[PDB]
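Next up: just one chain, as structure tokens, the form deposited in one PDB entry.
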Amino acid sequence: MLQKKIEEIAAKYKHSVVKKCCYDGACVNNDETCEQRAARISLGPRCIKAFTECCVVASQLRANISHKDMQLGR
């Protein structure tokens, strides 16, 4: 599951673009500051909470495991 709970919340967005936003969120740079690590969340509004959210849930998916769940579920 390199993106199961995140590809699901991404696809269930009321905005095709929010999909990419959550895409990075799950692929967050490393810690909390996801797009923040990027440089400055400046790709859109739905992004801020879309990516931030997918990156936070992804944050808990990768902040506790380190295998199928982490390596994949992230």
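Position 1 is the first residue in the sequence shown; the rest follow in order.
As for the form solved in complex with a partner chain, it is not shown, yet the points below apply to it.
- Taking the partner from the other structure, the partner chain in the deposited complex has no heavy atom within 4.5 Å of any heavy atom of residue 30.
- Under a 4.5 angstroms non-hydrogen atom cutoff, the partner chain in the deposited complex lacks residue 58 among its neighbouring residues.
- Although the partner is absent here, residue 17 lies within 4.5 Å of the partner chain in the deposited complex, judged by heavy atoms.
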